[PDB]
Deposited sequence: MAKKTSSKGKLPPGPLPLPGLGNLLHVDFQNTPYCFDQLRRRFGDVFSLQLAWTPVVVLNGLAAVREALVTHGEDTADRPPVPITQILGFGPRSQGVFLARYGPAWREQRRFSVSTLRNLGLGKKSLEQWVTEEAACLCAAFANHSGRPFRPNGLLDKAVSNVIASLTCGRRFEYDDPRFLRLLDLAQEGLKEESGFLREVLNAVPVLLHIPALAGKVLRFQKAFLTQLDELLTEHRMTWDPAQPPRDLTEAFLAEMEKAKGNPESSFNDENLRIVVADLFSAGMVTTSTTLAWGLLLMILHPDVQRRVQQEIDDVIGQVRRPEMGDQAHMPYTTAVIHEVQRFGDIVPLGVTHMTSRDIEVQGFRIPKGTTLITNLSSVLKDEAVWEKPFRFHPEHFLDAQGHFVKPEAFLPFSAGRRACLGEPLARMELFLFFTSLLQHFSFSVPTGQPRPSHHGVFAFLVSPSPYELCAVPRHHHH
């Protein structure tokens, strides 16, 4: 077929002609259409916009678009054929085994005595207390949200939480957010393109110094956890399930259950689960002080269904359509992963009539789905009625894809939903939130850095 249209590529730079990327892509779509081509660096890229283009690539041709672009520098992090974690794992057996293991482990920990929900519920109480200690004073909520959300992954993975002032916990979070910044920069581009340049210790010890330090701190926690593990008892957490799997797999060089993969898998869940759920909650509180009327309506629904004393539970969610709408609207408007995570074609395919060669990097423009003017009533406004009908029933349109779609769609979504509902409703249950007086109305526009964070703001949290 015909290759997707796009801007004429320069001789050597191509289409290279960061902080404003999601805006630039919205301009190219209106200019060239829902499926267009770019030559970013030395990589051939196809951008997909709208639900139809994204679905066709990820669902209809799901088998041919489930791969990731190779990332040579991950060799520095201990990556190998049977140890690719989940997130950046090439499509194949090493990815599928670990994908099925996390999906299933999350499922099992979410059933029975409901340990995940219990961990989340306790973490919310801790988060509430930490908020109450700021009573009367404006503060940035971001740090505390990070800690609460990081402890939930800590609970999932190592069966413990950490105190909010614990030294190692703090360094761990610090290294994780520094490591995120290392995802951006020209360096990793050149290094992934010309991997032989990695033999220069100057460049190799710089490209992933924070992620490598992040992993070092994790090992120390895994080493401790390995001492306390009781293999005579059912696995309490994901690391123990993994460890048990690793024992059975001793002698099998085909297994992806090994020590090198364990640290990558745990780091993946932290990386994937921290900044997303936290940033989203940070969007949520911002939108609640920018729109206090919505806040009050949520608080009314909370009193009528839950009360001012009892802790929110997940069974409440089905009886709180307005709060559910709002939380979905926080995700849709917040749009925290506008360009998602890159896929690669493992086979020539057809999308919207155009030919996509094998080995093409696909960018799924999720933002273009969440903000589609054809689908949403007022996509650039915060509008909880995007998820309500006239009767007040919660409705989830198909264009709600903040977790992407197909085989690689967020494996964390059920946990994320749980965290968003329990943290959000718990906070609004006990506190009224507002902009501090004599401070400027905070911007509803985010800052892009792969992830989109709300603009820095402070709030007041007043007990109810």
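Enquirer: Please list, in sequence order, every stretch of the deposited sequence that lacks C-alpha coordinates.
Expert: Gaps vs deposited seq, in order: 1 to 8, 26 to 28, 476 to 479.
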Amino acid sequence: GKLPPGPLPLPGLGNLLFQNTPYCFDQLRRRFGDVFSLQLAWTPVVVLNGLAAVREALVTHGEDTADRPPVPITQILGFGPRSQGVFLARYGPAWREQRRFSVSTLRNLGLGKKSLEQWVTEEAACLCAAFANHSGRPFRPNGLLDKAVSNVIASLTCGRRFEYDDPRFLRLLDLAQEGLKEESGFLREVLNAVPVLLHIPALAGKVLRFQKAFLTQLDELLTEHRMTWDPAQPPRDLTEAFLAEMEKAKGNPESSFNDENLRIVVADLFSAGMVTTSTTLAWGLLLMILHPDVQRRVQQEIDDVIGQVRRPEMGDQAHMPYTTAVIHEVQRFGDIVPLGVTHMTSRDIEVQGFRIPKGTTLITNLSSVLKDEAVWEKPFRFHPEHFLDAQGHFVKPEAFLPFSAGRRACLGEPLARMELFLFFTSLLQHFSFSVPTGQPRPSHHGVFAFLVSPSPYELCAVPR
From here on, numbers count along this sequence of modelled residues.
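Just so we're on the same page, rigid core means the largest C-alpha set that superposes within 1.5 Å between forms.
Enquirer: Between 41 to 49 and 433 to 441, which one strays more from this form in 6 other deposited structures of this protein if you match the rigid core and compare Cα atoms?
Expert: It is 41 to 49 that deviates more in 6 other deposited structures of this protein.
Enquirer: Please work out whether 185 to 193 or 307 to 315 has the higher root mean square C-alpha deviation in 6 other deposited structures of this protein relative to the shown form, with the rigid core as fitting region?
Expert: Between 185 to 193 and 307 to 315, the one lying farther away in 6 other deposited structures of this protein is 185 to 193.
Enquirer: Is it true that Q19 has no coordinates in a third or more of the other entries in the comparison?
Expert: yes, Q19 frequently unmodelled elsewhere, at least a third of entries.
Enquirer: Return whichever of 63 to 71 and 403 to 411 has the greater mean Cα B factor according to the PDB record.
Expert: Looking at the recorded C-alpha B-factors, 63 to 71 comes out higher on average.
Enquirer: Would you mind comparing 28 to 36 and 427 to 435 for me and telling me which has the higher average C-alpha temperature factor in the entry?
Expert: If you average the C-alpha B-factors of 28 to 36 and of 427 to 435, the larger mean comes out for 28 to 36.
Enquirer: Among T277, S115, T364, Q98, which carries the highest Cα B-factor?
Expert: The record points to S115.
Enquirer: Would you mind checking which of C158, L287, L187, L88 has the top Cα temperature factor in the PDB entry?
Expert: Top of the list by C-alpha B-factor: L187.
Enquirer: Ranked by Cα temperature factor within the chain, is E178 in the lowest third, the middle third or the highest third?
Expert: Its C-alpha B-factor belongs to the highest third of this chain's values.
Enquirer: Could you look up the Cα B-factor of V196 in the entry and say which third of the chain it sits in: lowest, middle or highest?
Expert: CA B-factor rank for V196: highest third.
Enquirer: What third of the chain does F354 rank in for C-alpha temperature factor, lowest, middle or highest?
Expert: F354: CA B-factor falls in the highest third of its chain.
Enquirer: Is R296 in the lowest, middle or highest third of its chain when residues are ranked by C-alpha B-factor?
Expert: It falls in the middle third of the chain.
Enquirer: How does the C-alpha B factor of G205 compare with the rest of the chain: lowest, middle or highest third?
Expert: Highest third of the chain for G205's C-alpha B-factor.
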